[PDB]
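All remarks here apply to the structure that follows.
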There are 2 protein chains.
Amino acid sequence: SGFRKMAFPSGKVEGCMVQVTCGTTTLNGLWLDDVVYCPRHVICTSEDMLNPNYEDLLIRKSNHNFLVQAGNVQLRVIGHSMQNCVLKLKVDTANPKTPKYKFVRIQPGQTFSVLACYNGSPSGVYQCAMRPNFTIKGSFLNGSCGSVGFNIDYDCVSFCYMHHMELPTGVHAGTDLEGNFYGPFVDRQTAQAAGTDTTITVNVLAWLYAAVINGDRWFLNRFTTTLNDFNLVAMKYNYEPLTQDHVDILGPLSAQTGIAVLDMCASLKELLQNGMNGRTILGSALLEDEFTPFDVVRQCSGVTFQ
Amino acid sequence: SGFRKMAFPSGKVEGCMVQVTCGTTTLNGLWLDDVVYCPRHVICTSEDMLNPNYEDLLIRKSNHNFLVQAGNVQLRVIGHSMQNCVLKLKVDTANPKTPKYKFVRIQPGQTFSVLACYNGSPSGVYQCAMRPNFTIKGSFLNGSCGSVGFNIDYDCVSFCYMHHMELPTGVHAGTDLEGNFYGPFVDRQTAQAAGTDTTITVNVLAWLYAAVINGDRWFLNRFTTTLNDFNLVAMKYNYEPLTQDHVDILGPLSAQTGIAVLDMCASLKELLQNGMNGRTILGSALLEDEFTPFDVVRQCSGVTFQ
Ligand SMILES: *[C@H](O)[C@H](C[C@@H]1CCNC1=O)NC(=O)[C@H](CC(C)(C)C)NC(=O)[C@@H](NC(=O)OCc1ccccc1)[C@@H](C)OC(C)(C)C
Ligand SMILES: *[C@H](O)[C@H](C[C@@H]1CCNC1=O)NC(=O)[C@H](CC(C)(C)C)NC(=O)[C@@H](NC(=O)OCc1ccccc1)[C@@H](C)OC(C)(C)C
């Protein structure tokens, strides 16, 4: 038993992580087969970052402007081509460590793991989520750009994120691997604000089942509510409305525990209307929304990967 | 900026993780050079687990009783020898992926990362700490035994933990890599209880500096206390006494911020005597003790590894 914020093993992504240097700019890039994906503001300067027209800047460049480096060994670039906000550098060697992989575009609510890098050398791995406001509460310093988020389903790596920029409230933003930003942010230095966040309700309920599975049960009650009446108190507390499709995915968990989904909504209801009054759930003094219903199953029934 | 519970990249440990099967018992084992380290109750049965005399059980065994398996390929055992609570299986091949490594025995307070495995296939990676009561608040299911905790200092892996058993309050216990249990627990199924936990004070203060570095500052104050007078309120709240050696390691952080260590003790003091009254620090409604003063430096000044 026990329940920790857990991350996918990062071995397979470490094998693709390289250093990309251009001008006076060094960031990280992802090397799959014979292609190296990095963010395109690697071609910018400090003065460029104010309102670049990346199509112009890029057309001046030649191949030899791109110092790519895997470990110490220098990759030879032989092509480039900008797709949305990522650059695609065709080099002269395919990555021997290329794993099974795909590119995906996640929805808000879905979670993933992040391997933070600087100069191509991994530094850490955390697990976080795609906020309702298309931001992520991450941990990034200068040079952290080009690091990726990802899920692993047995042998296959689903890349879903690349890092580009920090917003002034300390939150972060970036794109899928096809270059398209999540949310309405642009890779340039002009003011822009995240937009009010909400609480991912379906993930809170998934987490509350994880609390039940692990012996925590003080928050339960006899009460039951109908979803119409839950969603009017959840709004008030600025939670995502709950769809019948949420209740569907929560069924399995509802039956490993014999607690009706509609009863667990009645407990959360009381938790919001009274708070938590000195106690913790799963060692957290807060309701926790960064665990998906399929996250809970993972950790509580022990799925592995290879 | 930003601040997440972060884990070392697990690539190098994944490369050593193998399956060890004996009798009707399957657990995970660690293969470095030509030696495979697993926990010894892999030789037990269900009835044995009540009061085994591992020296007897082991002397009946032959080499061919140990089904070792790295991926699908069957390692050939050619020797064994029990050192404290770990078995050491000499096989006929050295691990091509053996990294630079060492074995260490951590103190309470120090943290490490955990790569949870089942049947040899990694499942997740989390970061946690060696509680003051020689337990760890981990997340483990059946078959999780033989998984390790570890730190990485540039290129070198310091193994400090192997998994053996869960305690009935949901907490966990295990050994260093030389077989010796942390704390007073034994690998057998007879009753034993963790002992009251405390709060690792030096790590709370390290974390509070991380809060300062990242813009959170509502808990600060003009006040200052002398350490004699701090330690009498910290006791009350069942915190570790603070040594002058703590203040020493906290200096660097004290000066990236111009906050005297002795002033930060005066803020924590008020936080315990009043609680936190609706607000969060670093997105946690709690004071967080699983970040070391050298953890904070890592993440807030971006050290990498290879
Ligand atoms: C690339 O590795 C780098 C990583 C960031 C450094 C620290 N954390 C990071 O996420 N990204 C950038 O430096 C990026 C550069 C581009 C804008 C993508 C070209 N810049 C930022 O992240 C800035 N954010 C920003 O300027 O957004 C627009 C804006 C401007 C003014 C007011 C509000 C919003 C960061 C560095 O600026 C702060 C938001 C931290 C002030
Ligand atoms: C090996 O992989 C396995 C992993 C555990 C299964 C789930 N989580 C784990 O940590 N470890 C064991 O099964 C271990 C077997 C030995 C005792 C090491 C031989 N057993 C336990 O962890 C039990 N704990 C236990 O029996 O401790 C002594 C005890 C006995 C009675 C009352 C209190 C303490 C677990 C399985 O038993 C519970 C504590 C969960 C009831």
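Below, all heavy atoms of this structure are taken into account, side chains as well, without hydrogens, waters or symmetry copies. Note on naming: letters A, B, ... go to the chains in the order of the sequence lines (proteins, then strands), and numbering restarts at 1 for each one.
- For the options B:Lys12, B:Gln299, B:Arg298, B:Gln306, heavy-atom pairs under 4.5 Å to chain A are most numerous at B:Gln299.
- Put simply, of A:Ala285, A:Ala7, A:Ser113, A:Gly11, the one with the most heavy-atom pairs under 4.5 Å next to chain B is A:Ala7.
- Of the possible donor and acceptor atoms, one in the side chain of B:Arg4 sits under 3.5 Å from a partner among the backbone N and O of A:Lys137.
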Report task. Evaluate the criterion salt bridge (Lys or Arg N to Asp or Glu O under 4.0 Å) for residue pair A:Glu290 and B:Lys5; output intermediate values, then yes/no. Result -> CA-CA 13 Å; A:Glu290 274 186 349; B:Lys5 183 65 69 71; over 6 Å; no
Which atom pairs, one a donor and one an acceptor, fall under 3.5 Å between side chains of residues 114-121 of chain B and the rest of the protein, sequence neighbours left out?
unit_1: B:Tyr118; atom_1: OH; unit_2: B:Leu141; atom_2: N; d: 3.4
unit_1: B:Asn119; atom_1: OD1; unit_2: B:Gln19; atom_2: NE2; d: 3.1

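- Residues satisfying the side chain to side chain contact (heavy atoms under 4.5 Å, CB included) criterion with B:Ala211, sequence neighbours excluded, are B:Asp216, B:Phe219, B:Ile281, B:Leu282.
- Of the two parts of B:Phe305, the backbone and the side chain both hold a non-hydrogen atom closer than 4.5 Å to a non-hydrogen atom of chain A.
- Across B:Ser10, B:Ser1, B:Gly15, the residue that shares the most heavy-atom pairs under 4.5 angstrom with chain A is B:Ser1.
- Near-neighbour residues of residues 151-174 of chain B relative to chain A, defined by a heavy atom under 4.5 Å from a heavy atom of that chain, comprise B:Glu166, B:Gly170, B:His172.
- Using a 4.5 Å cut-off between heavy atoms, A:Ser301 contacts chain B through its backbone alone, with no side-chain atom that close.
- Heavy-atom proximity under 4.5 angstrom to chain B picks out A:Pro122, A:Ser123, A:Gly124, A:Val125, A:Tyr126, A:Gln127, A:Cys128 from residues 122-133 of chain A.
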